[PDB]
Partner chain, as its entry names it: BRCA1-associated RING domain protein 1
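Let's start with one chain on its own, the form solved without its partner chain, as structure tokens.
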């Protein structure tokens, strides 16, 4: 299935994922497309950040959904 990631400077990238893919593994798909280590990524949906251990089907993300990428510079 297809989900959209909207970057912090404002590009869209499209990632092919499964409902059982962890937020951890969608960050690995961002590393593929964009060249960014997962470590330096935080992801948002509906103004709420996503925990790495949770799947796409535990936040109830169905295809065509915009998850949003924020790059981390500071601790935390």
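Numbering follows the first chain given and starts at 1.
FYI, the form deposited with its partner chain bound isn't displayed, but the following is about it.
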(message) I'd like to know whether residue 60 contacts its partner chain in the entry with it bound, with contact meaning heavy atoms within 4.5 angstroms.
(response) yes
(request) Verify the contact flag for residue 22: yes if a non-hydrogen atom of it lies within 4.5 Å of a non-hydrogen atom of its partner chain in the entry with it bound, no if not. (result) no
(request) Report whether the minimum heavy atom distance between residue 64 and its partner chain in the entry with it bound is within 4.5 Å. (result) yes
